[PDB]
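Residue numbers (the entry's author numbering), protein chains in the order written: chain C, 67 to 351, 361 to 389; chain D, 67 to 351, 361 to 389; chain A, 67 to 351, 361 to 389; chain B, 67 to 351, 361 to 389.
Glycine residues also receive a C-beta, built at the ideal position from the N, C-alpha and C atoms.
Reviewing the structure listed below.
4 protein chains.
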Amino acid sequence: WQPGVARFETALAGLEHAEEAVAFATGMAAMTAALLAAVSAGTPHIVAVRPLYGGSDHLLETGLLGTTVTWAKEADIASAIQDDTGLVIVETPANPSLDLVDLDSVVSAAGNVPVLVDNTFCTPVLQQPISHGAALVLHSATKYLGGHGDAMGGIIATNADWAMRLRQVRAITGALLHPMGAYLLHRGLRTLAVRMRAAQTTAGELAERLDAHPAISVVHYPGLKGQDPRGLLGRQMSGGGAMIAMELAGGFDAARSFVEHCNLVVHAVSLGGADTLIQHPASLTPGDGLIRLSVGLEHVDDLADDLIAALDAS
Amino acid sequence: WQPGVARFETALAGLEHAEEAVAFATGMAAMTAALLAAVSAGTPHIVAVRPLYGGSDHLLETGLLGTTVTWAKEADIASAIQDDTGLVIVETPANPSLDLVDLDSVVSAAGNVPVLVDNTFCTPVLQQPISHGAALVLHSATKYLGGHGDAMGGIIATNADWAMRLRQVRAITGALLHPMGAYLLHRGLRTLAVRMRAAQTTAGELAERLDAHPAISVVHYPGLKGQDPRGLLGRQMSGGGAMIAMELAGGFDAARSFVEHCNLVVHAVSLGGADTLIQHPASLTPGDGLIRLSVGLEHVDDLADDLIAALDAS
Amino acid sequence: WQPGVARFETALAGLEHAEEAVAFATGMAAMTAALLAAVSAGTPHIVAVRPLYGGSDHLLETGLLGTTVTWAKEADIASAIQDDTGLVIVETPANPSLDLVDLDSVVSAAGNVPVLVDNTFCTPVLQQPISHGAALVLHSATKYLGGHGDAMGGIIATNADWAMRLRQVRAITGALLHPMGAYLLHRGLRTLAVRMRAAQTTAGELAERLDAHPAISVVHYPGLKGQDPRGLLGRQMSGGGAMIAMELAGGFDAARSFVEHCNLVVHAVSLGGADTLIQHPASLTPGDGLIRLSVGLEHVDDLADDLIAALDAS
Amino acid sequence: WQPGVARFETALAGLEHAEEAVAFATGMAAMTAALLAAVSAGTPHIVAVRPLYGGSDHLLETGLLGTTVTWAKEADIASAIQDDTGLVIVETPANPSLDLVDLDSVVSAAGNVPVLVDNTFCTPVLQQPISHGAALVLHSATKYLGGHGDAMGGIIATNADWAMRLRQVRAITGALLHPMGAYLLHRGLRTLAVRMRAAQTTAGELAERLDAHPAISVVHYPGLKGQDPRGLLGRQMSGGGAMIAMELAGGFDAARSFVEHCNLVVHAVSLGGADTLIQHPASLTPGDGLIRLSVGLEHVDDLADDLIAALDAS
């Protein structure tokens with residue numbers, strides 16, 4: 067019953083072109099409510115597509131909320147669907163491999179089963195899952211939506227029935243967004259358009275410079291030459307996005323050495339802000364010689380000068 | 067992983083004399099986490115003592131979190147305890163009737179089963195359930211702890227094992243307290259001692275004035291003529307508390323007329339803060364002619380003047 | 067033109083019984099605006115009463131705003147009033163010696179000259195200078211008004227002409243109160259009545275226990291028998307207030323040793339909060364063996380047990 | 067002595083390439099402190115360039131702070147400088163006309179007199195006055211620096227001597243920035259680069275479409291059709307900025323009619339945010364048929380379609 071939460075909810079619902087949106091304390095609380103809404107509806111089975119986000123897959127794997135998950139590849143989602151399947155969870159691009167998922171194909175495979183798309187790294191600026199047929203669109207507002215991640219958040223833009231169902235869970239589960247945090251998110255939402263466009267354009271140029279260096283074997287980025295065999299860019303995505311994932315030829319040995327030599331680019335577990343970030347998945351808990368990268372609002376030449384110098388370690 | 071949350075957690079743990087405390091977005095989120103922690107531990111049965119708080123009983127009644135509840139009277143809790151019972155939920159004084167529950171007797175009846183006590187209206191100022199043997203002490207920080215209800219909250223002061231279990235649920239459930247909200251709660255915690263003492267002393271005088279009026283049949287307030295037959299005040303409670311329940315002789319007809327005639331005392335769903343409030347549970351969704368009154372910081376004389384004049388108009 | 071500032075302004079104006087109030091960023095900004103309003107009115111002379119607050123006297127002494135000050139004793143204010151005198155600045159009780167000033171006598175001496183009273187430590191709860199004839203009442207909102215001092219402030223409760231004059235200065239001087247800071251002050255204003263009453267009652271008992279100890283020569287608290295020869299308590303003040311000053315018999319040697327032995331009471335430059343504070347003017351920049368004390372909301376017995384133990388150790 | 071203020075101060079000092087910066091409550095407070103620092107230094111004369119910001123010229127015109135102003139054109143600043151001149155105030159581009167001022171020429175004309183440049187609309191993104199020889203650079207942080215104007219501000223990036231002088235004034239004047247407001251400004255500073263670049267690029271396209279319409283006589287936007295005869299763009303400015311001034315051929319009659327027909331672009335006194343704004347100096351208090368523009372983060376096709384349609388209706 068807060069005003070700051072309502073203004074942020076309708077702002078994101080309009081951005082995603084959804085009927086309404088429901089805001090929660092964190093991204094985890096939004097996923098929890100969506101899962102609990104399916105369980106309460108007498109439909110606790112979830113067909114989740116892998117790759118999926120680190121914290122989100124713990125929720126399904128443990129099955130704390132009384133959920134049963136059957137991991138299925140994108141190509142065969144329909145086969146995994148059971149009579150009690152209530153949701154089809156899918157993250158695009160497939161974090162942290164950055165593989166593109168055809169949302170139109172996923173929705174047709176699900177049929178009468180609602181599809182939940184994690185549009186966290188894409189943002190409504192670079193992807194509209196609702197338009198492809200996704201019933202629900204999940205967000206972890208901390209990354210990109212807020213811009214700085216100082217205020218945590220989680221929101222699902224969906225149709226009226228699923229939104230009412232989510233609000234009912236929120237009512238007794240109590241995972242509410244604080245008005246101060248919602249205010250910071252709605253403030254950052256005004257500049258989302260210019261931030262994602264600038265971060266995507268600097269990421270595209272950065273992706274070209276990374277593959278040219280012999281220190282890394284290849285770098286994953288949808289916008290790169292031949293890294294979109296499906297033709298999903300333009301049809302589904304605005305561009306290549308602001309996420310770069312690269313594989314080092316030196317393996318785990320060169321990965322940790324490359325991270326410590328970076329001065330401008332810093333290391334963090336949560337990624338997706340105004341500052342450029344890197345995260346070694348092997349050095350946190361994925362590939363051993365794999366390094367993740369979230370592109371910020373810095374000058375492309377300043378980032379390239381720092382990454383190339385750190386790669387020169389070998 | 068927030069600083070403002072940690073400082074509020076340890077402040078309340080010290081007030082309740084518990085090993086540590088775990089803070090959640092709302093009171094509902096704390097109860098949800100406690101219930102989910104019991105379910106995850108392979109013990110989903112809950113022996114709850116009816117009466118219970120309005121929103122808390124819905125969580126058990128629906129059994130959204132995979133819980134099985136067996137409502138039992140205080141006198142026979144031990145009999146209702148099954149092999150899979152993980153918690154004994156009990157609110158004292160029994161909202162809304164304000165019936166006193168002997169915590170020492172409840173803990174002995176539970177035996178090896180952890181006891182969760184809702185100390186929301188009592189606050190650590192007027193009741194220490196931990197000292198009586200309660201394993202967990204739940205709070206809805208919105209009422210009394212914060213002082214104004216501007217910042218929502220929910221916290222459980224408990225031993226290290228249950229606190230670690232609650233933190234694990236919080237980690238994937240994501241029902242986190244916003245640092246701004248935690249700051250406002252910790253700020254209000256400094257003045258909790260002088261607020262509850264002043265509210266309790268003005269409620270004790272108000273309870274005497276209400277029973278004297280012929281408009282109401284009986285007034286429920288622990289610190290009154292023969293209203294404490296168990297000898298729980300002094301032994302368990304500091305005084306009579308700041309809550310007063312009252313049943314109007316006119317039934318529902320005079321009860322709603324008493325609410326609409328009140329100008330100073332406000333009609334609200336949430337009750338407990340720096341102001342005096344009245345709630346009619348029969349008009350809201361309990362008994363037909365029962366009004367619940369949360370004593371505030373106002374002067375006893377001017378507080379009696381508004382209530383007595385509203386009673387004069389049926 | 068902020069909403070949070072307006073609600074705090076009218077709340078304090080009502081507390082002080084003034085027509086309206088003007089809020090500034092800090093206490094210094096309020097004094098600066100009052101001084102600049104007098105200078106702009108073609109009346110830059112100020113008759114200030116000694117003693118005065120540390121930072122406020124620097125403003126007059128330097129004469130940065132184009133002011134000419136004539137420091138005068140309470141007894142001969144009328145004689146120091148020149149043709150161009152626009153204000154009579156006076157703080158009561160005289161910080162830091164705590165000497166009571168008869169406001170009724172000061173106003174009669176000033177005559178047609180407006181009187182500005184620093185009611186910071188007294189608060190509208192324990193003193194109403196407006197009722198005695200003071201044209202303006204200055205406050206440093208951080209101390210006592212806010213309760214914790216987390217949000218800085220400065221406000222002057224005065225008549226419409228002086229308030230319009232102050233608003234005009236604020237308009238081009240730009241020393242505005244931030245709405246967030248004003249919100250925290252207005253929130254703390256709700257509990258001001260119960261906090262000052264509880265801090266005053268605990269200070270009165272603490273002063274009796276302090277004089278009894280042979281470690282200190284003379285305790286200073288206008289309230290203890292004999293420390294009010296003018297009969298100002300009751301007539302002007304509510305009680306003795308929450309400020310206790312004292313002089314150690316051991317001089318500067320015993321003064322610093324007593325401060326380090328305190329565990330519950332902490333030392334700070336700014337005072338007037340929920341926690342009990344102590345301040346040594348000699349060890350900060361007055362007398363060599365003199366200590367200051369801001370009584371908080373702690374239990375009188377808990378404060379006396381720590382203070383007496385610290386006094387015992389020289 | 068606040069943490070949030072210090073981090074914002076050093077961030078802006080680095081952006082402007084100044085030794086240090088001093089932050090105040092509002093832009094007016096920063097100008098007031100700069101003027102008071104000159105007055106206190108025994109140098110109260112100010113040579114200000116005509117034209118100047120609306121509120122800033124009132125401070126000099128009234129001479130509240132004990133200042134004497136001699137308004138002079140850019141071409142003859144040196145002649146207006148007297149023995150007691152302590153500052154040379156200059157705004158570039160000269161609002162409202164948007165005329166470019168050669169900072170290198172102004173600094174040479176001032177010689178030993180410190181030069182204060184109001185870089186509010188240019189921001190460190192599009193102009194570095196420090197590099198041209200300006201001793202002080204004033205900002206009204208509300209406009210552009212914050213991005214939304216929700217948190218007010220004022221800051222001067224200057225050398226160590228002038229910064230120490232400003233801090234000394236701030237110390238007794240008390241026009242402090244609230245930490246919450248400073249936090250919002252420092253948060254918005256991270257996105258300043260992408261916001262000013264995007265607003266400048268859409269303003270450059272907008273000015274081309276405005277001059278083509280016969281409703282307006284001549285548009286004022288630095289570097290549109292050889293509107294920069296001095297060669298100041300590139301040498302001093304990054305581009306044309308986000309400000310466009312325009313004179314209607316219909317005079318005051320067409321000026322008010324064009325404002326009411328606008329739906330997307332809104333009217334306000336304070337200008338410089340994420341949203342596009344228009345202002346009529348004649349209808350507020361300059362030329363009779365002149366309007367200004369604060370280009371925001373909207374798409375150029377959305378702004379042009381709205382402005383051209385409003386121009387069609389007189």
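Contacts that residue i makes with chain C (C-beta to C-beta distance below 8 Å)
| i | result |
| --- | --- |
| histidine 214/B | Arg253, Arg256 |
Limits of the unbroken beta strand (DSSP E) element including residue i
| i | result |
| --- | --- |
| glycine 152/D | 151-157 |
| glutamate 86/A | 86-90 |
| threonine 224/A | 220-224 |
| residue 360/D | For residue 360/D, no position is available: the coordinates of chain D end at 351 and pick up again at 361. |
Distance between residue j and residue i (C-alpha atoms, nearest Å)
| i | j | result |
| --- | --- | --- |
| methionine 230/B | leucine 202/B | 12 Å |
| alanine 259/B | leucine 211/B | 10 Å |
| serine 283/D | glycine 292/D | 16 Å |
| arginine 261/C | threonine 257/B | 8 Å |
| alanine 89/D | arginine 367/D | 28 Å |
| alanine 217/A | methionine 246/A | 8 Å |
| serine 304/C | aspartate 341/B | 23 Å |
| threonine 98/B | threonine 136/B | 17 Å |
| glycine 297/C | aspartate 377/C | 31 Å |
| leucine 243/A | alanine 77/A | 15 Å |
Interface residues of chain B facing residue i [CB-CB closer than 9 Å]
| i | result |
| --- | --- |
| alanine 241/A | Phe90, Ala91, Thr92, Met94, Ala95, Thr98, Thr239, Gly240, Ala241, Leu242 |
| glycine 247/A | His244, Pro245, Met246, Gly247 |
Buried/exposed call for residue i, threshold 16 Cβ in 10 Å
| i | result |
| --- | --- |
| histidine 374/B | exposed |
| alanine 107/D | exposed |
| residue 356/B | Between 351 and 361 the numbering of chain B has a gap, and residue 356/B falls inside it, with no coordinates. |
| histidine 286/A | buried |
| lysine 209/A | buried |
| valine 335/B | exposed |
| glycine 80/D | exposed |
| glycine 307/A | buried |
| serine 369/C | buried |
| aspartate 150/D | exposed |
Candidates the options: closest to residue i by CA position
| i | options | result |
| --- | --- | --- |
| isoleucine 383/A | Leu298/A, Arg275/A, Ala89/A | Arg275/A |
| residue 357/A | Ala77/A, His198/A, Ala91/A | Absent from the coordinates is residue 357/A, which sits in the stretch where chain A moves from 351 straight to 361. |
| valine 105/D | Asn161/D, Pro117/D, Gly129/D, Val88/D | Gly129/D |
| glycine 317/A | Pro361/A, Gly199/A, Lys291/A, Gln302/A | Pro361/A |
| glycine 70/A | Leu250/A, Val154/A, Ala95/A | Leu250/A |
| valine 156/B | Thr134/B, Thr133/B, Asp150/B, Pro180/B | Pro180/B |
| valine 115/A | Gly93/A, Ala103/A, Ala84/A, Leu153/A | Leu153/A |
Residue range of the unbroken alpha helix (DSSP H) whose run includes residue i
| i | result |
| --- | --- |
| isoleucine 112/B | Premise fails: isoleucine 112/B lies in the beta strand (DSSP E), 111-114, not in any alpha helix (DSSP H). |
| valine 325/C | 318-326 |
| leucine 272/A | 258-278 |
| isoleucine 143/C | 143-146 |
Interface partners of residue i on chain B, CB under 8 Å
| i | result |
| --- | --- |
| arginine 261/C | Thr257, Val260 |
| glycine 220/A | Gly240 |
| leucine 372/C | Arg256, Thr257, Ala259, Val260 |
Cross-chain neighbours of residue i in chain A, by beta carbon under 9 Å
| i | result |
| --- | --- |
| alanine 107/D | Near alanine 107/D there are no residues of chain A at all, since even the closest Cβ is about 40 Å away, more than 9 Å. |
Cβ-heavy atom distance, residue i to the ligand SAH, below 7 Å
| i | result |
| --- | --- |
| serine 206/A | The ligand SAH is absent from the structure shown, which contains no ligand whatsoever. |
Contacts that residue i makes with chain D (C-beta to C-beta distance below 7 Å)
| i | result |
| --- | --- |
| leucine 125/C | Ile238 |
Beta-carbon neighbours of residue i, restricted to chain A and to distances below 7 Å
| i | result |
| --- | --- |
| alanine 264/D | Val260 |
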